[PDB]
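Chains as they are written, first to last, in my numbering: chain A, 150 to 276; chain B, 3 to 62; chain C, 11 to 128; chain D, 733 to 887; chain E, 6 to 211; chain F, 410 to 507; chain G, 70 to 149; chain H, 33 to 56. Please read the structure below before turning to the comments.
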RNA sequence: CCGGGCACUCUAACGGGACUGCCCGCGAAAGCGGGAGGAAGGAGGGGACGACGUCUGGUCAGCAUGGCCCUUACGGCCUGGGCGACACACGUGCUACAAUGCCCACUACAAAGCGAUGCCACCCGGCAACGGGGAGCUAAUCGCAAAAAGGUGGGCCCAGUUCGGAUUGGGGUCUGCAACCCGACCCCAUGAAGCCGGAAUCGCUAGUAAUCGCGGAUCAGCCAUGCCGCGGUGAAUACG
Ligand SMILES: [K+]
Ligand SMILES: [Mg+2]
Ligand SMILES: [Mg+2]
Ligand SMILES: [Mg+2]
Ligand SMILES: [Mg+2]
Ligand SMILES: [Mg+2]
Ligand SMILES: [Mg+2]
Ligand SMILES: [Mg+2]
Ligand SMILES: [Mg+2]
Ligand SMILES: [Mg+2]
Ligand SMILES: [Mg+2]
Ligand SMILES: [Mg+2]
Ligand SMILES: [Mg+2]
Ligand SMILES: [Mg+2]
Ligand SMILES: [Mg+2]
Ligand SMILES: [Mg+2]
Ligand SMILES: [Mg+2]
Ligand SMILES: [Mg+2]
Ligand SMILES: [Mg+2]
Ligand SMILES: [Mg+2]
Ligand SMILES: [Mg+2]
Ligand SMILES: [Mg+2]
Ligand SMILES: [Mg+2]
Ligand SMILES: [Mg+2]
Ligand SMILES: [Mg+2]
Ligand SMILES: [Mg+2]
Ligand SMILES: [Mg+2]
Ligand SMILES: [Zn+2]
C-alpha cells in the first residue's frame, strides 16, 4: 500500500512515500525533473531503486525541506532506501554493500575565533 | 576611567548625540555592552563569579 | 554615424556605441534610444538615415556634451581653486578631494610612486 | 603523512558512464566548488566528441588519459651539498593524477572560445597522440632519462 | 595566562548562580546594577562577621537576600537591631522593600572565601606567609575536604621580588567538571603592596 | 482557552513548574494538552579574555531563554482552586492571557 | 556631489551679527568660531575672522563664495 | 564586480537598494 | 485556508546507543590488522578544557594598588582644531585583471540571529536613496526577507571591452544642534591602474581548502572590505 522513509543529509529532510504505481515521482507538488534537471547528480536520488532494479514498481511522493538541493537529493536517496527496506527486509543485504542505508554525518564545521573559516589561519609575514 | 568622565551620567548632556554609554562598574568607555551596562572585562569577571543569572559558558 | 560631435561609433549595438560619447553612459544611451524609439540591438551600420537624424537631433541638444562638458568641468575646478576653497587647494596639490586618506594608497591621484630615502 | 600511510580517497562513480576516472576528471575541472558547471562542461565536451568522432567519448577519454600517463619522472635531491635532478619511476596513482592535471591545464591553454570545446579538442588531440599534455609527458620523460647518470640516486 | 575561573567553569553542574531571577532585556541591567550595589554594601558592612556568599533571588519587587555567614551572632546584633538597620539601609538604597535571611556556615574552614580571608588577615598582620599557607591547608584537610590548595601571589614577606608560594595537599582535579571545588579569593593590603590569596577546596565527586 | 507562556533561564525549573501545573489542573479540570517546547532564545556574547590586545581567544558565553506553552483547555471554575497560588519556582516568569 | 537637506543650516551666532552690522554700516573684522555655518548672500562684502584652531584668519567673502562653509577658506593643518 | 555601485552584486555587497536593485 | 488530527517533519526535556562486545589471524599481555552486525565504530566529528614552570613577556590606560611627583595647575569647564596630517616604507585585508566570465529577465532550496522612542508587511509619490500614509508584531503565529552562487532564456563574442569601478564634476537622501576639515547612501556624468604579479612568502588533510551569500554585537549615523557566528555548492594531495 505505502512504505515510508525519512532520510537526512547535511541539514535536510525528505519524507519519502512509496506507493506502487507507474514509476513517476512527485516532489513538493512539482515533477522530479522540474525541481531537478539543472542538477546533474539528481539521478543519484533514484539509485536505491536501480539497486534493486525495480525502477517501475513504485511511484514516489516526496516532501523535501532543508539545506540545499544537493543535500536534498542525498536525503531523498536515503529516504527511498529506508522505505524500500521497510517494504522487504531482505533488501538490506542488497543495499548494505552499496551503503545507501548509511547516514552521511558530514556537517559544516563550526567557525572558530582567531581563524577565518573554522580552520583558515590568518596570513602572517613575520617581516 | 577618570572621575570627571563619570559625569557621563547626566540628565542634561545638552545634546542627545553626546550621550554615550559607560561601564557602571569600572567606568570604561569602550566595549560597553548595552544589555548588561558593563564593559567586557567586568562582564567576564561577574560572569565567572556567577552574579549574572542564566549566563553560561558557550560550547558547540 | 557622426552623432553629437565629431565622434563616430561603428559596427556594434547602438547603446554600447553611444557609450563612446563623452557625455553619455549606459543610462543616457538607454534613455535616448527609448525616447527616440530605436531598437538598441541593431548595429550602427544597420541604422536608417532618419534614425541617425532623430538620435542626433535629440542628443545634440538635450544634455551638455563633449566640448561644453569638459569646459564646464574645468571651469568648476578652476572656480574652486580661484575662490581659495579647500577643494581648490587639494586640486592645486594633486591630492584626494573627497576626504580619503593620504598616508597610504591614494596613489591614483598622486601619479607614480616617487620613492625617497629612509 | 608521517604516522599513517594516507589511504587514497574512493570517489563516487559517474552518473552517466559509471567510471570513477570521469569523476576525478570532473573534479580537476571543478572550480570554486562548482560541480554542476564542471559536469556541464565535461558532458557537453562528450557531446562534442561524437559528431566529430564516431567512437564513444569514454573510449577516447580513457585512451587520451593512457597516452598522457608518464612512465618516469625526475625529482630533486640534495646530495653532497648540491642539488641533482634524479630520475625515478612513477607510481600509477601519480601517473593518473599528473595525467588528469595536465589534460585540464593544457585544455585551458587552447585558443578555443568556450570550455567544453577546449576540453573536447584536448581530449581528441591527446587520444590521437598530440597536444600540450603529450608535450608535457614528452618533456618529463626527456628530463628524466636525460639525467640517467643519476639513476643510482633513486632512493 | 591560563587556569580559567573554576566557579564560572562549573556554573552548569555542581555550582549554581548567586543571583537567580528572570528579567527582560529592558530590565536586566537595572536589576543587575541593583544586585551589585547590594553585594557592595553587604561586603563592606559584614566583613567582621565573615560572610561567604550572598544569594539574591527576585520574583516581583521582592528580593530574598540570603547571606551565608560563619558567625550569625554578629549580623544579628543585640536582640536583632543590626538586621533591622541593615534592612533599613537595604530599603533605602532600593525602594523594593524586601526582606533578608541569614544562614550559618558549619565548619567555616570548608568555605574557600573564608579560608582566603583568614589567610589574607594573617598576611596583613605580618605573619609568616609559608607557615600561614601550610597551616591553612592543614586546617582545611583535617576536617573532610578531600582536596585543598592555597596560593599567595608576589611580594611574599615584603620582598622586592614577586614570588608565589604553592603549599597544597590533597586532590584538586581542576579539569574534572564534577569536582565541586569551592573557590575563594581575598586581598591583603600591605604597606609594601598588594597580595592575592586564592583558595581551592575539593569535596564530593558526583 | 487560557494562554500560558512560561519563560526562564533554567529548563529544570520550568519543567518542574509545568508538571506541577499539569498535575494541579488534571484533578480539577479537563484533559490538559501538555506543554509545548517553544524553541529557545539564545543570546551569545563574545568578549576578549585579556584586558589588553590578545585578540584571538574571545571566550564567548551565552544566555538562553526557554519557554513553555501549557495552554489548558476548558478553564473550569474548579481548576483555579489548586492554582493561582501554589508555586515553588523563583526564577520563572509566567504570562497569562484569555 | 554634496548636500545637507532642505532648510539650510546657519549658526545664529553670526547670523544676527552680520545683519546688525548691515543695519548700521560696514563694520570691520568679525571673529567667529562657528566655521560650520553656511555662507548666505547677506554676508558678501564683509570680512569674517574664522578660527582655524590656532588663530583667526581674515576670510574676506566675495560673490562667488556663497554656499560654502567658513572652514573651507580657513585651513586647519600646516604642510611644507 | 562587487565594487560597482551601479550593479546588482554591487548593491548586494554594499547591502543597499536602488535603481539597479529594486525591491520587486 | 477551514473542518480536522499528533503519524511524519520540526521544536526541547529525558533516555537508549559503541564496550574491540562478537568473528578470524597475530600476540606473553596491552593491543594490532581485517570482517560481521549497526546510523556510527577502533579518539565517530567539533568545542569547552590548556600541568611544575619559562619569556624580569603584556597591561599601573579597564580596575585595584606600593612608592614618587602636580595641586590658583600635570586638576576642572567650554568653543574649535587634532587623533583622518603625506616625499615615502611595511603588515592585514577588500575589489579585480574576465567567456568555468559579465549583464538583464524569470524562477528554486538554508541555518543562525535581531526586533516597541523597534522591526516595519502593504498602499501612494519618487529613475532611486527615501518620504507620506499605515496593518501586524510583548513576537515557532508579524516583520527584518531578498538568501547568493544555482537553474532556464536572452544579450555580450576576446577588445582594456557590456572586463575592472579607482578618480573627479554635478544633482540629491538620511542620521544628527551641526556632515568644511571629517559620514554613509542614491542618481547623472567621468572612466584610472590593472592582461594573474620579482626576490621572497602564507593558509589548509574533508565537508577541510576554495567559492557564495546571511546575521549579530558596538552604534543616532558610519568610513565594517573588520570581528564573531551561520548556512549553500564542494575539491586536490600525502611516496616518504
Ligand atoms: K615578569
Ligand atoms: Mg562555509
Ligand atoms: Mg581613575
Ligand atoms: Mg555616541
Ligand atoms: Mg562616454
Ligand atoms: Mg584625510
Ligand atoms: Mg602544462
Ligand atoms: Mg586557545
Ligand atoms: Mg533640500
Ligand atoms: Mg562593471
Ligand atoms: Mg508523538
Ligand atoms: Mg519519530
Ligand atoms: Mg580534559
Ligand atoms: Mg619590561
Ligand atoms: Mg587611531
Ligand atoms: Mg611628507
Ligand atoms: Mg622635505
Ligand atoms: Mg610595519
Ligand atoms: Mg512606484
Ligand atoms: Mg504557524
Ligand atoms: Mg546562456
Ligand atoms: Mg568598461
Ligand atoms: Mg595600462
Ligand atoms: Mg583580455
Ligand atoms: Mg591537522
Ligand atoms: Mg549597525
Ligand atoms: Mg557586515
Ligand atoms: Zn568595566
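Every residue gets a Cβ at the ideal spot worked out from N, C-alpha and C, and that includes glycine.
- Between the segment 176-194 of chain E and the segment 436-447 of chain F there are fewer than three C-beta pairs closer than 8 Å, too few to call the two in contact.
- Following the DSSP letters along the chain, one finds residue 81(E) inside the alpha helix (DSSP H) bounded by residues 77-81.
- Between ligand 10 and the CB of residue 25(C), the shortest heavy atom gap is not smaller than 8 Å.
- Per DSSP, the continuous alpha helix (DSSP H) segment holding residue 181(A) begins and ends at 181-184.
- For residue 35(B), the CB stays at least 8 Å from every heavy atom of ligand 4.
- In the three-state reduction of the DSSP assignment, residue 502(F) falls in the strand class, which pools E and B.
- If you draw a straight line from the Cα of residue 95(E) to the Cα of residue 103(E), it is about 8 Å long.
- Judged by DSSP in its simplified three-state form, residue 60(C) adopts helix.
- Ligand 8 has a heavy atom closer than 8 Å to the beta-carbon of residue 466(F).
- Spanning the alpha carbons of residue 148(E) and residue 46(B) requires a straight line of approximately 33 Å.
- Annotation: residue 110(G) to residue 10(B) spans about 41 Å, alpha carbon to alpha carbon.
- Runs of the beta strand (DSSP E) lying entirely within the segment 809-879 of chain D, each at least 3 residues long, are 814-821 in chain order.
- The beta carbon of residue 456(F) sits closer than 9 Å to some beta carbon of chain B.
- Look at residue 443(F): its C-beta is not under 9 Å from any C-beta on chain E.
- Here residue 62(E) is bridged, per DSSP, to 25(E).
- In this chain, residue 415(F) is not harboured by any alpha helix (DSSP H); it is covered by the beta strand (DSSP E) spanning 412-417.
- The Cβ-Cβ distance between residue 830(D) and residue 781(D) does not fall below 9 Å.
- Look at residue 197(A) here: in three-state DSSP terms it is helix.
- The beta-bridge partner set that DSSP reports for residue 153(E) consists of 174(E) and 206(E).
- Our two residues, residue 103(G) and residue 139(G), have alpha carbons roughly 8 Å apart in a direct line.
- Along the segment 412-439 of chain F, there is no position whose C-beta sits under 8 Å from a C-beta of chain A.
- Rounded to whole angstroms, the separation of the alpha carbons of residue 173(E) and residue 144(E) is 12 Å.
- With a cut-off of 8 Å, the C-beta of residue 109(C) is classified as distant from ligand 10, since no heavy atom of the ligand falls inside that distance.
- For residue 142(E), the shortest C-beta to heavy atom distance toward ligand 2 is 8 Å or greater.
- Residue 126(G): member of the beta strand (DSSP E) spanning 125-129, first to last residue.
- Its Cα nearest to that of residue 28(E), the residue 475(F) stands out among 505(F), 475(F) and 497(F).
- Within the segment 151-185 of chain E, no residue has a Cβ lying closer than 9 Å to any Cβ of chain F.
- With a threshold of 9 Å between beta carbons, residue 123(E) makes no contact with chain F.
- Just so you know, the alpha carbons of residue 89(E) and residue 97(E) end up roughly 12 Å apart.
- Against chain G, the CB of residue 79(C) has no partner CB under 9 Å away; the residue lies outside that interface.
- When distances are taken from the beta-carbon of residue 112(C) to the heavy atoms of ligand 6, the shortest one is below 8 Å.
- Excluding the 5 residues flanking it on each side, residue 121(G) has same chain C-beta neighbours closer than 7 Å at 143, 144 and 145, in chain order.
- For residue 99(G), the enclosing beta strand (DSSP E) has its first and last residue at 99-101.
- No Cβ of chain F is located within less than 9 Å of the beta carbon of residue 34(B).
- Contacts between residue 467(F) and chain A, judged by CB atoms closer than 7 Å, involve 262 in chain order.
- Around the Cβ of residue 827(D), a 10 Å sphere holds 16 or more other Cβ atoms; the residue is buried.
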